[PDB]
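Structure first, commentary second.
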Amino acid sequence: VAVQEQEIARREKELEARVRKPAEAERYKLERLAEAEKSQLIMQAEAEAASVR
Amino acid sequence: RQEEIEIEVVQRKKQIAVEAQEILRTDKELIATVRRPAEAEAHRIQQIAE
Amino acid sequence: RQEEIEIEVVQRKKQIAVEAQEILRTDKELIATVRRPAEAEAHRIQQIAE
């Protein structure tokens, strides 16, 4: 029982590094990569619009 | 034979105290194998949803 | 056997301090493998778009 009372404190740290931290890193990646996709599409839109006018 | 079967009685009398620790063990085990892992899995969703 | 199983208890007591460093390691590792590479990849787009 004492061994598993320490297994709790274990998983609480392992899960932070295995489950939480990478999901949080993925969120930051997705956000700053989305700004780049948007930036390229607005610049491309302006180019196509200028080419038409 | 009254004394022989009494050996089984004292064994059961002790087995009860073993299983009392088993409940407590199984409880902590479920916190580490089910409650905490599920709480971590739920946080992923709240992050990848953003 | 009370003293033998205590060996496992002190091992876990220390394993907790190992994983505490593991979080910190994994954090810095993600800055070098994910956050910074993604920030570099995003700059390419802002340049090739011009």
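Ordering of the structure tokens sets the chain letters (A, B, ...); residue numbers start at 1 within each chain; ligands are numbered from 1 in the order shown.
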
Could you give me, as an mmCIF file with C-alpha atoms, in the first residue's frame, the residues within 10 Å of range 15-32 of chain B, counting only C-alpha atoms and dropping anything in the same chain fewer than 4 positions from it?
data_model
loop_
_atom_site.group_PDB
_atom_site.id
_atom_site.type_symbol
_atom_site.label_atom_id
_atom_site.label_comp_id
_atom_site.auth_asym_id
_atom_site.auth_seq_id
_atom_site.Cartn_x
_atom_site.Cartn_y
_atom_site.Cartn_z
ATOM 1 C CA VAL A 1 0.000 0.000 0.000
ATOM 2 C CA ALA A 2 2.842 2.384 0.917
ATOM 3 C CA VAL A 3 4.509 1.488 -2.450
ATOM 4 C CA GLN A 4 1.355 2.425 -4.390
ATOM 5 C CA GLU A 5 0.877 5.571 -2.255
ATOM 6 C CA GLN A 6 4.126 6.688 -3.976
ATOM 7 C CA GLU A 7 3.038 5.343 -7.425
ATOM 8 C CA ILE A 8 0.406 8.163 -7.350
ATOM 9 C CA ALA A 9 3.076 10.893 -7.021
ATOM 10 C CA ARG A 10 4.962 9.058 -9.852
ATOM 11 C CA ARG A 11 2.144 9.045 -12.455
ATOM 12 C CA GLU A 12 1.382 12.682 -11.538
ATOM 13 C CA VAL B 9 -10.914 -20.664 11.204
ATOM 14 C CA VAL B 10 -7.811 -18.719 12.336
ATOM 15 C CA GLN B 11 -6.603 -18.623 8.697
ATOM 16 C CA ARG B 36 -5.013 10.402 -13.021
ATOM 17 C CA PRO B 37 -4.472 9.042 -16.579
ATOM 18 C CA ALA B 38 -8.043 10.022 -17.534
#

Identify all chain A residues at most 8 Å from chain C by counting only C-alpha atoms; ligands do not count. Present them as an mmCIF file with N, CA and C atoms, in the first residue's frame.
data_model
loop_
_atom_site.group_PDB
_atom_site.id
_atom_site.type_symbol
_atom_site.label_atom_id
_atom_site.label_comp_id
_atom_site.auth_asym_id
_atom_site.auth_seq_id
_atom_site.Cartn_x
_atom_site.Cartn_y
_atom_site.Cartn_z
ATOM 1 N N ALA A 2 1.899 1.273 0.888
ATOM 2 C CA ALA A 2 2.842 2.384 0.917
ATOM 3 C C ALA A 2 3.538 2.532 -0.443
ATOM 4 N N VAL A 3 3.890 1.427 -1.115
ATOM 5 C CA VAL A 3 4.509 1.488 -2.450
ATOM 6 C C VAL A 3 3.566 2.175 -3.434
ATOM 7 N N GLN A 6 3.062 5.948 -3.309
ATOM 8 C CA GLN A 6 4.126 6.688 -3.976
ATOM 9 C C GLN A 6 3.926 6.575 -5.495
ATOM 10 N N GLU A 7 3.327 5.480 -5.991
ATOM 11 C CA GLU A 7 3.038 5.343 -7.425
ATOM 12 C C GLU A 7 2.132 6.491 -7.905
ATOM 13 N N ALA A 9 2.180 9.759 -6.819
ATOM 14 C CA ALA A 9 3.076 10.893 -7.021
ATOM 15 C C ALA A 9 3.955 10.735 -8.271
ATOM 16 N N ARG A 10 4.230 9.484 -8.653
ATOM 17 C CA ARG A 10 4.962 9.058 -9.852
ATOM 18 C C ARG A 10 4.184 9.400 -11.115
ATOM 19 N N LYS A 13 3.716 12.939 -12.262
ATOM 20 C CA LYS A 13 4.879 13.589 -12.869
ATOM 21 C C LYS A 13 5.111 13.016 -14.254
ATOM 22 N N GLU A 14 4.980 11.699 -14.389
ATOM 23 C CA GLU A 14 5.154 11.036 -15.672
ATOM 24 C C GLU A 14 4.124 11.569 -16.677
ATOM 25 N N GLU A 16 2.604 14.381 -16.668
ATOM 26 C CA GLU A 16 2.882 15.781 -17.000
ATOM 27 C C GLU A 16 3.883 15.858 -18.158
ATOM 28 N N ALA A 17 4.907 15.005 -18.142
ATOM 29 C CA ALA A 17 5.922 14.991 -19.190
ATOM 30 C C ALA A 17 5.491 14.221 -20.441
ATOM 31 N N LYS A 21 2.761 18.085 -21.445
ATOM 32 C CA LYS A 21 3.784 18.892 -22.119
ATOM 33 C C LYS A 21 3.776 18.778 -23.647
ATOM 34 N N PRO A 22 3.744 17.589 -24.275
ATOM 35 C CA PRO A 22 3.719 17.502 -25.731
ATOM 36 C C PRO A 22 2.411 18.019 -26.331
ATOM 37 N N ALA A 25 2.897 21.609 -26.425
ATOM 38 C CA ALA A 25 3.841 21.988 -27.468
ATOM 39 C C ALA A 25 3.149 21.956 -28.843
ATOM 40 N N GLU A 26 2.282 20.970 -29.070
ATOM 41 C CA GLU A 26 1.531 20.860 -30.313
ATOM 42 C C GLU A 26 0.621 22.074 -30.524
ATOM 43 N N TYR A 28 1.040 25.222 -29.393
ATOM 44 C CA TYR A 28 1.861 26.358 -29.791
ATOM 45 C C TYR A 28 2.319 26.224 -31.240
ATOM 46 N N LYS A 29 2.658 24.998 -31.669
ATOM 47 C CA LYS A 29 3.083 24.742 -33.048
ATOM 48 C C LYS A 29 1.938 25.069 -34.002
ATOM 49 N N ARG A 32 1.255 29.139 -34.191
ATOM 50 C CA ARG A 32 2.209 29.925 -34.977
ATOM 51 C C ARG A 32 2.345 29.439 -36.415
ATOM 52 N N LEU A 33 1.980 28.191 -36.697
ATOM 53 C CA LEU A 33 1.986 27.691 -38.069
ATOM 54 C C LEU A 33 0.724 28.198 -38.790
ATOM 55 N N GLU A 35 -0.761 31.158 -38.315
ATOM 56 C CA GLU A 35 -0.488 32.552 -38.686
ATOM 57 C C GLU A 35 0.281 32.633 -40.002
ATOM 58 N N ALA A 36 1.209 31.703 -40.220
ATOM 59 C CA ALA A 36 1.978 31.653 -41.446
ATOM 60 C C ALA A 36 1.077 31.257 -42.628
ATOM 61 N N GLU A 37 0.210 30.252 -42.469
ATOM 62 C CA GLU A 37 -0.690 29.857 -43.551
ATOM 63 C C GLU A 37 -1.604 31.025 -43.928
ATOM 64 N N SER A 39 -1.052 34.319 -43.362
ATOM 65 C CA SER A 39 -0.193 35.351 -43.938
ATOM 66 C C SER A 39 0.073 35.087 -45.417
ATOM 67 N N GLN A 40 0.357 33.837 -45.777
ATOM 68 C CA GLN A 40 0.602 33.498 -47.172
ATOM 69 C C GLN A 40 -0.661 33.637 -48.015
ATOM 70 N N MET A 43 -1.482 37.386 -48.657
ATOM 71 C CA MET A 43 -0.536 37.952 -49.617
ATOM 72 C C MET A 43 -0.837 37.441 -51.027
ATOM 73 N N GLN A 44 -1.188 36.163 -51.146
ATOM 74 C CA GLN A 44 -1.554 35.555 -52.416
ATOM 75 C C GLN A 44 -2.865 36.158 -52.935
#
